[PDB]
Amino acid sequence: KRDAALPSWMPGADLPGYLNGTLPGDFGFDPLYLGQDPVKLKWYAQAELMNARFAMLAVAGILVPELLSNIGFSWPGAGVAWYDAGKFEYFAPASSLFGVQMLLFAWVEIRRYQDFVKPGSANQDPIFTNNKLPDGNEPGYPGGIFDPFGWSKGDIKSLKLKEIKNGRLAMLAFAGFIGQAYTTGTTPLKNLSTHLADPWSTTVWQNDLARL
Amino acid sequence: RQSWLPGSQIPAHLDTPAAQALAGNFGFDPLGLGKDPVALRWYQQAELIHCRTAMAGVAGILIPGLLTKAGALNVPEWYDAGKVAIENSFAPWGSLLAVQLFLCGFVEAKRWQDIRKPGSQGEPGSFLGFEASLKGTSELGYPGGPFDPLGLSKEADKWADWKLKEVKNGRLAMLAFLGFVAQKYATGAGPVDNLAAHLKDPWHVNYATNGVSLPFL
Amino acid sequence: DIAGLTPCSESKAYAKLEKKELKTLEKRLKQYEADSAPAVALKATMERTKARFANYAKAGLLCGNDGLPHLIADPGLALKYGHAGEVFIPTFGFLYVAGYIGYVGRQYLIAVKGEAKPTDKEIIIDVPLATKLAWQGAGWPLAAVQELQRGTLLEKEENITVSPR
Amino acid sequence: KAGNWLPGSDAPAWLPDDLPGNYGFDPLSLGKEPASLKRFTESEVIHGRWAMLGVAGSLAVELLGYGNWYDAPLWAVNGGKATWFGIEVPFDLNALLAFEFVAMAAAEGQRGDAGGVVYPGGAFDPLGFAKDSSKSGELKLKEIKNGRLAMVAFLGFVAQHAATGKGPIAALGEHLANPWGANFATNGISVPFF
Ligand code: CHL
Ligand code: CHL
Ligand code: CLA
Ligand code: CLA
Ligand SMILES: CC(/C=C/C=C(C)/C=C/[C@@]12O[C@]1(C)C[C@@H](O)CC2(C)C)=C\C=C\C=C(C)\C=C\C=C(C)\C=C\[C@@]12O[C@]1(C)C[C@@H](O)CC2(C)C
Ligand SMILES: CC(/C=C/C=C(C)/C=C/[C@@]12O[C@]1(C)C[C@@H](O)CC2(C)C)=C\C=C\C=C(C)\C=C\C=C(C)\C=C\[C@@]12O[C@]1(C)C[C@@H](O)CC2(C)C
Numbered sequence: 001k002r003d004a005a006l007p008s009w010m011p012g013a014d015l016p017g018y019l020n021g022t023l024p025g026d027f028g029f030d031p032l033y034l035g036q037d038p039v040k041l042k043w044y045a046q047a048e049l050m051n052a053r054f055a056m057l058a059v060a061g062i063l064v065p066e067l068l069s070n071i072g073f074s075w076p077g078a079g080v081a082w083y084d085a086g087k088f089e090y091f092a093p094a095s096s097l098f099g100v101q102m103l104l105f106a107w108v109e110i111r112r113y114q115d116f117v118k119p120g121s122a123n124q125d126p127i128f129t130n131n132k133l134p135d136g137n138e139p140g141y142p143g144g145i146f147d148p149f150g151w152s153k154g155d156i157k158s159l160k161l162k163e164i165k166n167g168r169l170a171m172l173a174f175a176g177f178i179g180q181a182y183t184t185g186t187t188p189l190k191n192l193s194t195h196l197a198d199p200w201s202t203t204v205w206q207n208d209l210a211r212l
Numbered sequence: 213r214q215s216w217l218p219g220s221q222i223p224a225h226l227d228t229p230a231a232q233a234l235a236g237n238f239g240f241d242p243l244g245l246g247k248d249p250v251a252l253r254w255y256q257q258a259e260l261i262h263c264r265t266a267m268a269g270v271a272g273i274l275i276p277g278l279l280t281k282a283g284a285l286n287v288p289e290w291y292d293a294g295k296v297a298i299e300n301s302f303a304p305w306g307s308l309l310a311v312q313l314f315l316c317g318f319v320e321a322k323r324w325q326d327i328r329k330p331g332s333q334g335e336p337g338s339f340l341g342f343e344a345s346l347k348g349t350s351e352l353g354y355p356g357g358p359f360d361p362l363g364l365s366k367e368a369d370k371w372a373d374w375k376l377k378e379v380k381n382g383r384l385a386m387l388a389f390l391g392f393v394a395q396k397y398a399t400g401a402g403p404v405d406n407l408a409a410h411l412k413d414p415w416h417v418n419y420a421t422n423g424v425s426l427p428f429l
Numbered sequence: 430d431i432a433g434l435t436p437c438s439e440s441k442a443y444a445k446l447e448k449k450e451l452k453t454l455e456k457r458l459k460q461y462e463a464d465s466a467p468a469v470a471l472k473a474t475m476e477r478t479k480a481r482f483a484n485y486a487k488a489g490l491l492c493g494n495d496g497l498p499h500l501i502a503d504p505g506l507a508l509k510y511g512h513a514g515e516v517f518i519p520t521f522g523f524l525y526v527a528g529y530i531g532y533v534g535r536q537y538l539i540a541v542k543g544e545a546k547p548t549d550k551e552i553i554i555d556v557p558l559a560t561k562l563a564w565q566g567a568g569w570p571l572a573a574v575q576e577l578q579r580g581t582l583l584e585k586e587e588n589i590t591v592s593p594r
Numbered sequence: 595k596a597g598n599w600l601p602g603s604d605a606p607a608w609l610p611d612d613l614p615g616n617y618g619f620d621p622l623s624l625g626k627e628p629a630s631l632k633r634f635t636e637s638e639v640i641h642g643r644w645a646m647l648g649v650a651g652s653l654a655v656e657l658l659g660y661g662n663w664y665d666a667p668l669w670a671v672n673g674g675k676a677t678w679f680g681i682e683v684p685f686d687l688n689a690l691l692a693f694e695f696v697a698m699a700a701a702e703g704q705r706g707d708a709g710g711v712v713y714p715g716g717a718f719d720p721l722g723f724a725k726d727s728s729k730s731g732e733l734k735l736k737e738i739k740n741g742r743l744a745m746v747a748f749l750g751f752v753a754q755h756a757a758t759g760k761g762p763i764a765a766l767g768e769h770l771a772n773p774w775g776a777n778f779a780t781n782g783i784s785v786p787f788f
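Residue numbers (the numbering used here), protein chains in the order written: chain A, 1 to 212; chain B, 213 to 429; chain C, 430 to 594; chain D, 595 to 788.
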């Protein structure tokens, strides 16, 4: 039932009709029919954006710090694996940092949720009432102060597709960090160097068979 | 029409519009226990209370157990916690239990009287202004009001799905607790210890080799 | 202990009784050869006898001066001193099975009274109908209470024949 | 309407606009019935007034150096003697209970008979600040807002003392000394896995 002009995750396949192509990154992939219900699909679309944008920040926050250390840049946190950052000594105890984090994230997340329930109802600054986001925004794409450079005024449809594509790739990358670190016990870029050193004897088959 | 046993004859008393409006109706009543409509209404309340208590109880055994294994917490086995807690307690278990019966008895009595006369606990003047919030909703077993702080039940388009999830997880939790009791006697270890032992060697560590469940073999 | 009794595990008469019973079997076992069938049968009886006296003592039965186990029937004494498995627990075992039989039979009787010839279903059993009712009788305690609460368990006095008075 | 507790939300219809301190906050719909709301309106003001006295008293004792609010009654259980601003008070615990019960019963009995008179005025308004109706609207809002703040503050005293065991003034000093090492997240009870 899906339009044949739309791109497909499996060329030639007959895909569900409810994925009509409005959402970005709509390739008709839903073999388990999780998004069949329109009410749940609405929630999943936002959840995909949220997990996708945190994954992109997280992946960039795990490679660049490791890349800089390998280059030679020196700073107190250099050379610390992403899975050992918790034990590192910061200016404040980790417990107090977590407490501040939840209070700050309670404010912004409840503001974001208010918009999802009633879009356009959280666009106004509560203190400096003059400030406000433009009235045309949609859930998940605030704009206004969140888009200071005005990129959203261009080809928005292409930009949203680029965002979700990079986001889906970042989500897989973070899942790779968990699996690779758990099985190899080393940082992701060290794993890449091992693979490039001898690609033909460093596959997951080679590595896991040895550990078997 | 989803059934617990595809191709079997669904009981007639579970195919009525009233019965099919119950959450989790898969046509399962081989003993005909719910054949009487009045009894089915009472047993539906019993299933919800067992579901919700089992879910809270099993979560109070499984989550602390998993965290204890991970080292986040240090909680004893569910079957030893009562003794450990009472030693460091401020009251003997007899006085602790008696207070529990008084407090539980009071709220259970109010729920009991609501089953017999739905909405009757909203009788003006009975409670100190709070009776208005004790009328419940149009469905027995779903009080709402102060019992639903986030107001998730107000979403009509999601109401049927919420109820099905509750009964499905509730039925699963009840079987999990029955599994904990059986596995405690069969193996003499904790539920997470049983899970780890099975995963270590699934084909040699199970109930067919515990020496209790299958005596004929 | 309870009512002047003593545990069988601590009773001299109980221990003496076991010796006499085994002694009687041992005397008979002398006239048979080691591998002969009578010898095997007698030794099997001896093993069962030793297990029996071991099990009863383990169960915590009280013995009288005669050295024989005595049962405790008062629920309070039975539950206070761990004798609930003698009378109290067996009590509810029986009543469950007995009510099961009675309830299943009552259901069959009521079911066939709506047939064309009820008396023919009482000498030629409707086995398919009887079998279905037998399996559903496991929940009789629940079903019986509901009939009692619904007022359908009993018949009204106006429909029961009585003699002149 | 004082304001909105949840920007973008709709105020409940059953909360009157003129009701002082009305931010449209009733997610549980406890005040939906007019009879229930009438009782709750009085109870909130009574709670707020006691909390304002309770918080002001709790701070004054510790600021003036007579200990914290929690340790004040210990003399009645450790065999001590009562003091007020340092001067001994001859009464004992049994006498205090008897006089307080009689005095409060007479005073609270009179209030109960009035039938939910939140703002009596008259003898209770000697300076006549609320004599005018037009000005009373703003003053009632200030009373309920300071009262709601005091109720939260007292809950803070009780919760903070249970976690830390120190007085409200001592806790404030400790937080000011090491803000990032002395807070609810570092007391070892509020946040579990730390
Ligand atoms: C996206 C979320 C997220 C993820 C995936 C992780 C993942 C991880 N954190 Mg991290 N954290 C995350 C958010 C946060 N962490 C912390 C604070 C910490 C701390 C303080 C520690 C970790 C550690 C860990 C590791 C746990 C496994 C381990 O070694 O156990 C075995 C555990 C240990 C060997 C640690 C023993 C010493 C430790 C001081 C004991 C107390 C630890 C706390 C209970 C941690 C609580 C973390 C919770 C709040 C998220 C793992 C790599 C641990 C680590 O890096 O270990 C090498 C660690 O010590 N995290 C905060 C608060 C700012 C977070 C906030 O969002
Ligand atoms: C009230 C509970 C309940 C009960 C007692 C049954 C009972 C039954 N259902 Mg029913 N169902 C029940 C609820 C439900 N069923 C279904 C849906 C179905 C379907 C679709 C079917 C049945 C069928 C059956 C029968 C299977 C006969 C058998 O020997 O299977 C043998 C059982 C198994 C092979 C499963 C054993 C699982 C094992 C204990 C767990 C192992 C998990 C490990 C992870 C595995 C290890 C890893 C691997 C890789 C080695 C059986 C009479 C089947 C039938 O015969 O229908 C006519 C059937 O086709 N049921 C639903 C969903 C609506 C239910 C919801 O509550
Ligand atoms: C985002 C994609 C991605 C990438 C680029 C890599 C890259 C690498 N992985 Mg990792 N990995 C990923 C995801 C990824 N992984 C995920 C999701 C998991 C969880 C199952 C793992 C689990 C894993 C293990 C357990 C191991 C590696 C290892 C490796 C190395 C290659 C050898 C091997 O056995 O690969 C196997 C990798 C896979 C089977 C991942 C398949 C899934 C991805 C998403 C496929 C994407 C295909 C698509 C065309 C894009 C690829 C190219 C693009 C990125 C430019 C290399 C450093 C090995 C290593 O560290 O060697 C030293 C190793 O032992 N990975
Ligand atoms: C058939 C009649 C019958 C008779 C003659 C007895 C006789 C006795 N019972 Mg038993 N009992 C019976 C039926 C009977 N019981 C039944 C049907 C039940 C189940 C509901 C019980 C449950 C029960 C309990 C729970 C206890 C006894 C106890 C006793 C003994 C002392 C109490 C007493 O005065 O009882 C005379 C009996 C009656 C007047 C009839 C009603 C008895 C009620 C049900 C129990 C009264 C308990 C009593 C208040 C305990 C006081 C403290 C104790 C330490 C002495 C006494 C030998 C007590 C005992 O010694 O336990 C070791 C005890 O604790 N009985
Ligand atoms: C309530 C419940 C469990 C509650 C558990 C709690 C509170 C546990 C609490 C604690 O653990 C903590 C947290 C911590 C510990 O330290 C201490 C304790 C105190 C121990 C289980 C119910 C468990 C209930 C169970 C298992 C019920 C199963 C019923 C079945 C299978 C019925 C089947 C049928 O009736 C049908 C539906 C139709 C008929 O026609 C046919 C038949 C077959 C008769
Ligand atoms: C926190 C509090 C109440 C909070 C209520 C809340 C949040 C209710 C919220 C909601 O209901 C609404 C509104 C609407 C619903 O739809 C939703 C919910 C969410 C349900 C009351 C405190 C109330 C606090 C009060 C009254 C405190 C009184 C204190 C006194 C008198 C203290 C006296 C002394 O301290 C001295 C001075 C000296 C010491 O030595 C001795 C003593 C005796 C200790």
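All C-beta atoms, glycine included, are put in the ideal place defined by N, C-alpha and C.
With distances taken between CB atoms, is the gap from D/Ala645 to D/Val655 smaller than 8 Å? Note that the C-beta distance between D/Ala645 and D/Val655 is not below 8 Å.
Please list, in chain order, the chain C residues whose beta carbon lies closer than 7 Å to that of B/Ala251. Within chain C, the residues near B/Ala251 are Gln575.
Is B/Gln257 near ligand 3, in the sense that its beta carbon is under 7 Å from a heavy atom of that ligand? B/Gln257 Cβ: outside cutoff for every heavy atom of ligand 3.
Are the C-beta atoms of B/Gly244 and some chain C residue less than 8 Å apart? Yes, because at least one Cβ of chain C sits closer than 8 Å to the Cβ of B/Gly244.
Where the beta carbon is closer than 5 Å to any heavy atom of ligand 4, which residues qualify, in chain order? Working through the chain, the matches are C/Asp503, C/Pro504, C/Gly505, C/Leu506, C/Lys509.
Under three-state DSSP, which class holds A/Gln124? Here A/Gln124 sits in strand by DSSP.
Leaving out five residues before and five after B/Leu376 in sequence, what residues of the same chain have Cβ atoms less than 7 Å from its Cβ? The beta carbon of B/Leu376 sits closer than 7 Å to those of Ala235, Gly236, all from its chain and outside the five residues before and after it, given in chain order.
Please go through the same chain and pick out, in chain order, the residues whose beta-carbon is closer than 6 Å to the beta-carbon of B/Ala420, but skip the five residues on each side of it. Shown here for B/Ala420: same chain residues with a beta carbon closer than 6 Å to its own, the five before and five after excluded, namely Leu426 in chain order.
Mark A/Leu49 as exposed unless 16 or more other C-beta atoms lie within 10 angstroms of its C-beta, in which case mark it buried. A/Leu49 is buried by the Cβ-count criterion.
Ignoring anything shorter than 4 residues or poking outside the segment 138–211 of chain A, list the alpha helix (DSSP H) runs there in chain order. Segments of the alpha helix (DSSP H) lying fully in the segment 138–211 of chain A: 156–184, 188–197, 204–211.
Three-state secondary structure (DSSP) at residue 596 of chain C? Past the edges of chain C, shown from 430 to 594, lies residue 596 of chain C, and the structure says nothing about it.
With hydrogens ignored, establish whether the beta-carbon of A/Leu172 is closer than 7 Å to any heavy atom of ligand 5. Result no, Cβ not under 7 Å from ligand 5.
C-alpha distance - C/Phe523 paired with C/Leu500, whole-angstrom precision: If you take the alpha carbons of C/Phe523 and C/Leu500, they lie about 17 Å apart.
Kindly confirm or deny that the segment 244–254 of chain B and the segment 573–585 of chain C touch, where touching means at least three C-beta pairs closer than 8 Å. At 8 Å Cβ cutoff, the stretches touch.
Of the residues C/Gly528, C/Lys449, C/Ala488, which one's Cα is nearest the Cα of C/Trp569? Nearest of C/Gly528, C/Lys449, C/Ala488 to C/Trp569, Cα basis: C/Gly528.
Kindly indicate if chain D contains any beta-carbon less than 8 Å away from that of A/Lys118. Yes, contact with chain D.
N-terminal and C-terminal residue of the beta strand (DSSP E) that D/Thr758 is part of: Counted as a single uninterrupted DSSP element, the stretch harbouring D/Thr758 is not any beta strand (DSSP E) but the alpha helix (DSSP H) occupying residues 727–758.
Rounding to the nearest angstrom, what Cα-Cα distance links D/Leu733 and A/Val80 in this structure? Taking the straight line from one Cα to the other gives about 59 Å.
Near B/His410, what residues of its chain come up, given a Cβ to Cβ distance below 8 Å and the 5 sequence neighbours on each side ignored? Taken in chain order, the residues that qualify are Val417, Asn418.
Pair every Cβ in the segment 599–606 of chain D with every Cβ in the segment 111–122 of chain A, then say whether three or more of these pairs are closer than 8 Å. Output reads yes: the segment 111–122 of chain A touches the segment 599–606 of chain D.
Helix, strand or coil for C/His499 per DSSP? Strand, per DSSP.
Exposure of A/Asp155, with buried meaning 16 or more beta-carbon neighbours within 10 Å: A/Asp155 should be labelled exposed.
Applying the criterion that 16 or more other CB atoms from any shown protein chain within 10 Å of the CB defines a buried residue, is D/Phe679 buried or exposed? With fewer than 16 other Cβ atoms within 10 Å, it is exposed.
Give the straight-line distance between the Cα atoms of B/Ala368 and D/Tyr664, rounded to the nearest whole angstrom. If you take the alpha carbons of B/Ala368 and D/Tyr664, they lie about 49 Å apart.
Interface residues of chain D facing A/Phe149 [CB-CB closer than 9 Å]: For A/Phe149, there are no neighbours in chain D by C-beta distance under 9 Å, as the nearest C-beta there is about 27 Å away.
Among the candidates D/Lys725, D/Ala708, D/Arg643, whose CA atom is the shortest distance from the CA of D/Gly716? Comparing Cα-Cα distances from D/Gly716 to each of D/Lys725, D/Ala708, D/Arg643, the minimum goes to D/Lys725.
A/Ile178: which of A/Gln46, A/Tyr18, A/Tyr83 sits nearest, CA to CA? Of the candidates A/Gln46, A/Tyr18, A/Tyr83, the one whose C-alpha sits nearest the C-alpha of A/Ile178 is A/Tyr83.
Indicate the three-state DSSP secondary structure (helix, strand or coil) for D/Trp678 in the structure shown. Of the three classes helix, strand and coil, the one that applies to D/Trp678 here is strand, per DSSP.
Closest Cα partner of D/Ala779 within the set A/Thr22, A/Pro76, A/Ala94: Closest by C-alpha distance to D/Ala779, out of A/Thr22, A/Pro76, A/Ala94, is A/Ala94.
Could you tell me which residues DSSP puts in a beta bridge with A/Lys132? Answer is A/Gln124.
Per DSSP, what are the beta-bridge partners of C/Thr435 in this structure? Under DSSP, C/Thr435 shares a beta bridge with C/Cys492.
Around the Cβ of C/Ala545, are there at least 16 other Cβ atoms within 10 angstroms (buried) or fewer (exposed)? Counting the other CB atoms within 10 Å of its CB gives C/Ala545 a total below 16, which places it among the exposed residues.
Buried or exposed for B/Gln333, going by 16 or more other Cβ atoms inside 10 Å? Result: buried.
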